[PDB]
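Visitor: So that we are looking at the same thing, I have put the structure below in structure tokens.
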Amino acid sequence: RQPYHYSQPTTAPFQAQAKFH
Amino acid sequence: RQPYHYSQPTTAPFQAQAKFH
Amino acid sequence: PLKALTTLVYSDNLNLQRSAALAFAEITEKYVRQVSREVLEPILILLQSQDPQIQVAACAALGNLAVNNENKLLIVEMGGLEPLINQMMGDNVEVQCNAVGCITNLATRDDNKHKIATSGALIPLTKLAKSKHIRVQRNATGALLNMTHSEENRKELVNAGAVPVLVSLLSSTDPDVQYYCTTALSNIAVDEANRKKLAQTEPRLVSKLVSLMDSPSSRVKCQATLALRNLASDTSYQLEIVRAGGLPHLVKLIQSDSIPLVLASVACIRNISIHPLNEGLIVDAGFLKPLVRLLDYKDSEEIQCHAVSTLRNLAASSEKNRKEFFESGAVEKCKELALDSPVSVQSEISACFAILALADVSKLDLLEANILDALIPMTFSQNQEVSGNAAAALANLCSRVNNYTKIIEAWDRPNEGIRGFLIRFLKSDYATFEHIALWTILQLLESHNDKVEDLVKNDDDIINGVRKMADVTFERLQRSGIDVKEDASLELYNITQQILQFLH
Amino acid sequence: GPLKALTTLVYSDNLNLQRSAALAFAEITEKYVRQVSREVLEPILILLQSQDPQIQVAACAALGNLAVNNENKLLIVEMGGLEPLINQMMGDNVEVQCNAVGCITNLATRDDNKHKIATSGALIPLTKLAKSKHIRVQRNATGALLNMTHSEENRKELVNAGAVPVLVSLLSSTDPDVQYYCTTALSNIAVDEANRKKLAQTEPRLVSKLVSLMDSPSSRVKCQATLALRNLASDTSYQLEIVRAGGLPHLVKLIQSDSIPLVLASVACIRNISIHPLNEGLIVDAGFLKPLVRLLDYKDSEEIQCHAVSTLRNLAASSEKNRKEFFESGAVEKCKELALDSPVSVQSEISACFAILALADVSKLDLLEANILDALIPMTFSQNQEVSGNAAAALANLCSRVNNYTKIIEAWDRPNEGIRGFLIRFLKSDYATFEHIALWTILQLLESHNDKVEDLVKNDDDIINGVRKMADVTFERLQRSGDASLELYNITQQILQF
């Protein structure tokens, strides 16, 4: 068989955070 | 006798009061 | 809400605290009532922070609270709101302002001012005014303006005195600072001590007052004129104000139709007219007729007294300018007014007549102004100044005059006339009045007018009165261990004998 | 304690009292945030729904600062805190725009909040305020949409609000945080095929912009743009499009980066792109080969190893002709070297790679004299079926139709019991596939016209005995039934005819 490692598209873990004033 | 009416110096009755911003 | 405001304050965290202070600022800013000690206590905690925001809100809140009377009295008790005032020294300028404000609002009460005068608090108040912003300076000038009310309060105004700051601040263009300053200095010049120091301390102050006598603001005008009067309580300034050409300002401030200005101006001109040297100047300036007519109006007797007095000291200083004194008809008007005016105005007019009737140059003219028509009834007065002075004037008018016609006319009429006067004053047991009567009778006999001689010598009542006066004085002198050949008795007796020598 | 001092200040109905309270809230939340009660939030909540703007900047700053903590996020969202913020987002005041959009950015970080964010229709105002001329607003806006790209259903109700074009244009923003948020947003969108197809027929130049960003001064932007490009290159369309947009020279310099994350992103991308056969010509001429080959040496990154080997395998799988460069790169020899001492991941990858190389008849001999049997043979032992299976297939193909059997004859016994051992082992297995491979292979050996291999196979007693037992087994199993069994039987019979 053929192996499938790390093949799928990635969702980036970084999320923004607000700054006020 | 000679009379002395209203002879004394006058102290003004007005008093100041402050102002704020 | 006070439960939440109080609990919010005690937190010790800056943010809840600036919140509390702002809240307090607004709620004090538009509704002012009587409030408890408990409300006050948080303010004290609020007062000391060194975030300036916190005291601008706290000092504005507290300053707003001041207008109700209770808060100012309440403020003194804590021992206090005083620590914040010491805090005022720190530079932040607008809480400088609001602290000075509360202190300006505070201390209106006398104990407050006396209390403030202790603790060396006001050395800063004098310091505060110079700062450039009008705001802080208005409060600073306001504050001690309010402290110039008690005598020893101004006595610690001169201690650590801001007085130089004040006289310099007279030339401010800002209206209210300069008004506060004029009123302050006016209030200071009430003391003899302060007046004596002001001549050689911060000299040239008066010239500034005289300049301020032409302000567009009525308030500054009036209060400056009153200041000048208070200074003119002393002779130094009585001359000094005149030197600065304060005469035209005063001469026309008097017919002003603003009555307070009239009162102030006439008061001032009276005080300066005290000094004899001034008389000449005052008369040459057109003061006379304004003074003359000014005295006539019924409503304000104080102006009447100031005017009559001014006229009297002008007359008393010099026999210069006397028919220059005559022309107005004020003497005719003093005559008309003496019969129908308050007892104040009466006694003033009285002293004036007594003064005019001394100069021999004017006795005849006074007599042909029918002055006896006022002098005679005035001698009836229950008021001793009126009756006394009127009597003296009358007595002088009978002495060594070149025409005795009007006296002969006024022998019987009006009011039982001169004859009646003599009898009345003899029948009194007032030594002074007895003397006046006896002396007058002698002066009449010593005139070589035959008619007068015959009225006095044939009047049984008058002759009888002198005889009883002679007996009474003789027996007072014989009980006291004296044979002729108090101290009033001897004099009186001698005059009785001189009079009775005309009989034979 | 202090809390209803402040709330009593809120219910006052006097504006200065409410701004005292609001400012207080803003600061006290600004420097300390934990999970808080429901009661603390309703005064903030309703107080916010007022239209003194000062109050709304303080309130939004407060609630937004609370929003950082996870249980405050849904508590805030669940009651219905959002409607006030959507209403302020639509409002013409720009700084309550800033802080409200801010709260939406901190809010919805949590997963199921987001679905209620979308069904609330917050993403229309969000999208339109991502155009703002004021940086603060755009930063919080694009940040918000970035955060909304995390769930799949969030992403497609992000696309049904057409926020994609705003993002794609904003890729060219000069502001670092805006363009980074936008790149990461688009990357996250490119995770779904549906979105990829829509991205194909809605944005023409997207790829170009992305390619441009591969030369950004910002490392995060470099990396994330590259990851985006990979996600797009999940599909064939973009696999061709990226090469057309000249993304190879960027990628080939990016794999030789001293930044391991950049290397990871670039090698993943080039793998996805190397999938397409047509690309091979170009990919080899950019000179990916030697960089990949030395990328096998990144012992500390197994993912990088897998991506590299996989890329080499797709290059090898697409075209026969250019292999000689593939042999000059040292890929075969380094794969051989690595196959004996590396993770089962890398093992299975290398295995499939050898299995691919061993199909082309032109290179079999070369592979044999590169001693590939010295790696293939022991690999057939592996417990991992991908490894052993692929290795076995490779070995089997290498014994079929070669003109020189020297190295096979040598690898008959050594190493690791050799090819002979392999055949025996796979026959004795009870796996149909492996039995098939063994029988087929020995048939291929006999079918070579080499005399020596012929007699190596038939004089080896164990081998032909195994074939006989396989034949017997297949026979008695199969005619109880009267076809894999049948094929194997046929092969055994084909063999036994020698």
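Every read-out reported here was derived from the displayed coordinates using simple, explicitly stated rules and does not represent laboratory data. Because the Cβ atoms are built from the backbone with ideal geometry, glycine has one as well, and the counts that use them run over all protein chains shown.
Visitor: In this structure, does residue C:94 turn out to be within 13 Å of another protein chain (Cβ to nearest Cβ) and acidic (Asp, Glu)?
Guide: Yes.
Each row is one residue, and each column tells you yes or no for (1) under 14 Å from residue D:389 (Cα atoms); (2) among the charged types (D, E, K, R); (3) touching a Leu at 6+ places or on another chain (Cβ under 9 Å).
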residue	(1), (2), (3)
D:420	no, yes, yes
D:427	yes, no, yes
D:432	yes, no, yes
D:435	yes, yes, yes
D:443	no, no, no
D:449	no, no, no
D:453	no, no, yes
D:459	no, no, no
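Visitor: If you go through the range D:214-263, how many residues are more than 19 Å from residue D:286 (Cβ to Cβ), in a helix (DSSP H, G or I) and over 17 Å from the mean Cα position of the chain (by Cα)?
Guide: Residues flagged as more than 19 Å from residue D:286 (Cβ to Cβ), in a helix (DSSP H, G or I) and over 17 Å from the mean Cα position of the chain (by Cα) within the range D:214-263 amount to 4.
Visitor: So, one more: Being within 36 Å of the chain's Cα centre (by Cα) and either surrounded by 24 or more Cβ atoms within 10 Å (Cβ to Cβ) or among the hydrophobic types (A, V, I, L, M, F, W, C) (or both) is the filter here, so list the residues in the range D:58-71 that pass it. I'd like the intermediate steps shown before the answer.
Guide: So the first thing to find is which residues in the range D:58-71 are within 36 Å of the chain's Cα centre (by Cα), and the list is D:64-71.
Listed by number, the residues that qualify are D:64, D:65, D:66, D:67, D:68.
Visitor: Between residues in the range C:97-119 that are more than 11 Å from chain B (Cβ to nearest Cβ) and residues that are buried (at least 24 other Cβ atoms within 10 Å of the Cβ) and assigned to a helix (DSSP H, G or I), which pairs lie under 8 Å by C-beta distance while being six or more apart or on different chains?
Guide: Going by the 8 Å Cβ cut-off, the qualifying pairs are C:112/C:75; C:116/C:103; C:116/C:122; C:116/C:147; C:117/C:147.
Visitor: Next up: How many of the residues making up the range C:263-302 are among the hydroxyl-bearing types (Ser, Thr, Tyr) and surrounded by 22 or more Cβ atoms within 10 Å (Cβ to Cβ)?
Guide: Of the residues in the range C:263-302, 2 are among the hydroxyl-bearing types (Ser, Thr, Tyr) and surrounded by 22 or more Cβ atoms within 10 Å (Cβ to Cβ).
Visitor: Continuing with the same structure: Tell me which residues, restricted to the range D:460-481, are exposed (fewer than 12 other Cβ atoms within 10 Å of the Cβ) and more than 19 Å from residue D:426 (Cα to Cα).
Guide: Within the range D:460-481, D:476, D:479, D:480, D:481 qualify.
Visitor: Sticking with this structure for a sec: If we keep just the residues of the range C:33-79 that are among the polar types (S, T, N, Q) and not in a loop (DSSP other than H, G, I, E, B), which is farthest from residue C:16 (Cα to Cα)? It would help to see each step written out before you state the result.
Guide: The initial filter retains those residues of the range C:33-79 that are among the polar types (S, T, N, Q), namely C:34, C:36, C:48-50, C:53, C:55, C:64, C:68-69, C:71.
With not in a loop (DSSP other than H, G, I, E, B) added as a condition, the list becomes C:53, C:55, C:64, C:69, C:71.
Details: C:53: 13, C:55: 14, C:64: 21, C:69: 30, C:71: 25 Å.
For the range C:33-79, the residue satisfying everything is C:69.
Visitor: Pairs please, first residue from the range C:385-410 and within 15 Å of residue C:360 (Cβ to Cβ), second anywhere and of a type in the set (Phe, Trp, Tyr) and buried (at least 23 other Cβ atoms within 10 Å of the Cβ), Cβ atoms under 8 Å, 6+ apart in sequence or on different chains.
Guide: Within 8 Å, the pairs are C:393/C:353.
Residues checked against (1) within 20 Å of residue D:147 (Cα to Cα); (2) touching a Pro at 6+ places or on another chain (Cβ under 8 Å); (3) of a type in the set (D, E, K, R); (4) within 9 Å of another protein chain (Cβ to nearest Cβ):
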{"site": "D:184", "(1), (2), (3), (4)": "yes, no, no, yes"}
{"site": "D:187", "(1), (2), (3), (4)": "yes, no, no, yes"}
{"site": "D:191", "(1), (2), (3), (4)": "yes, yes, no, yes"}
{"site": "D:198", "(1), (2), (3), (4)": "no, no, yes, no"}
{"site": "D:217", "(1), (2), (3), (4)": "no, no, no, no"}
{"site": "D:227", "(1), (2), (3), (4)": "yes, no, no, yes"}
{"site": "D:238", "(1), (2), (3), (4)": "no, no, no, no"}
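Visitor: Taking the range C:1-32 only, how many residues are part of a loop (DSSP other than H, G, I, E, B), under 49 Å from the mean Cα position of the chain (by Cα) and not hydrophobic (A, V, I, L, M, F, W, C)? Walk me through how you get there before you give the answer.
Guide: As a first pass, look at the range C:1-32 and keep what is part of a loop (DSSP other than H, G, I, E, B): C:1, C:10-13, C:31-32.
Still in the list and also under 49 Å from the mean Cα position of the chain (by Cα): C:31-32.
So of that shortlist, the ones also not hydrophobic (A, V, I, L, M, F, W, C) come out as C:31.
Residues meeting the conditions: 1.
Visitor: State whether the residues of the range C:126-137 include one that is more than 12 Å from every other protein chain (Cβ to nearest Cβ) and surrounded by fewer than 16 Cβ atoms within 10 Å (Cβ to Cβ).
Guide: Yes, the range C:126-137 contains a residue that is more than 12 Å from every other protein chain (Cβ to nearest Cβ) and surrounded by fewer than 16 Cβ atoms within 10 Å (Cβ to Cβ).
Visitor: I'd like the full set of residues that are more than 23 Å from residue D:398 (Cα to Cα) and not in a helix (DSSP H, G or I), limited to the range D:438-496.
Guide: Answer for the range D:438-496, where residues must be more than 23 Å from residue D:398 (Cα to Cα) and not in a helix (DSSP H, G or I): D:479, D:480, D:481, D:482, D:483.
Visitor: Out of the range D:426-439, which residues are surrounded by fewer than 20 Cβ atoms within 10 Å (Cβ to Cβ) and either over 18 Å from residue D:495 (Cα atoms) or under 37 Å from the mean Cα position of the chain (by Cα) (or both)?
Guide: D:429, D:430, D:431, D:432, D:433, D:436
Visitor: Moving to a separate point now. Just the residues that are assigned to a loop (DSSP other than H, G, I, E, B) and hydroxyl-bearing (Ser, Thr, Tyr), please, taken from the range C:299-328.
Guide: C:300, C:318, C:328 - these are the residues of the range C:299-328 that are assigned to a loop (DSSP other than H, G, I, E, B) and hydroxyl-bearing (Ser, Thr, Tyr).
Visitor: Output the number of residues of the range D:64-87 satisfying the condition of being within 17 Å of residue A:19 (Cα to Cα) and charged (D, E, K, R).
Guide: Count: 1.
Visitor: How many residues does the range D:169-198 contain that are within 23 Å of residue A:8 (Cα to Cα) and either surrounded by 17 or more Cβ atoms within 10 Å (Cβ to Cβ) or among the aromatic types (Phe, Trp, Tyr) (or both)?
Guide: Adding up the residues that qualify gives 15.
Visitor: Can you list the helices (runs of 4 or more DSSP H) found entirely within the range D:80-164 that contain at least 2 residues being under 27 Å from the mean Cα position of the chain (by Cα)?
Guide: Here the list reads D:111-118, D:135-147, D:152-159.
Visitor: Would it be correct to say that residue C:48 is over 45 Å from the mean Cα position of the chain (by Cα) and loosely packed, with under 14 Cβ neighbours inside 10 Å?
Guide: yes
Visitor: For the range D:382-408, which residues satisfy the criterion of being more than 14 Å from every other protein chain (Cβ to nearest Cβ) and surrounded by 15 or more Cβ atoms within 10 Å (Cβ to Cβ)?
Guide: If the condition is that a residue be more than 14 Å from every other protein chain (Cβ to nearest Cβ) and surrounded by 15 or more Cβ atoms within 10 Å (Cβ to Cβ), then D:395, D:396, D:397, D:398, D:399, D:400, D:402, D:405, D:407, D:408 are the ones that fit.
Visitor: When you scan the range D:329-379 for helices (runs of 4 or more DSSP H) that lie fully inside it, which ones turn up with 1 or more residues that are farther than 17 Å from residue D:293 by Cα and either touching a strand residue (DSSP E or B) at 6+ places or on another chain (Cβ under 9 Å) or within 14 Å of another protein chain (Cβ to nearest Cβ) (or both)?
Guide: Output list reads D:344-357, D:373-379.
Visitor: I'm checking my understanding of the structure. Among residues of the range C:202-216 that are among the hydrophobic types (A, V, I, L, M, F, W, C) and more than 18 Å from residue C:164 (Cβ to Cβ), which one is surrounded by the most Cβ atoms within 10 Å (Cβ to Cβ)? Reasoning before the result, please.
Guide: Within the range C:202-216, the first condition is being among the hydrophobic types (A, V, I, L, M, F, W, C), and the residues that meet it are C:205-206, C:209-210, C:212-213.
Now restrict to residues that are more than 18 Å from residue C:164 (Cβ to Cβ): C:210, C:213.
Numbers: C:210: 20, C:213: 23.
Ranking the candidates gives C:213 first.
Visitor: Restricted to the range C:1-32, and to residues that are acidic (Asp, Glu) and more than 8 Å from chain D (Cβ to nearest Cβ), which residue is farthest from residue C:61 (Cα to Cα)?
Guide: C:12
Visitor: Go through the residues of the range C:59-80 one by one and say whether even a single one is closer than 21 Å to residue C:157 by Cβ, away from chain B (no Cβ under 11 Å) and out of contact with any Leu (no Cβ under 9 Å at 6 or more places or on another chain).
Guide: For the range C:59-80, residues closer than 21 Å to residue C:157 by Cβ, away from chain B (no Cβ under 11 Å) and out of contact with any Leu (no Cβ under 9 Å at 6 or more places or on another chain): absent.
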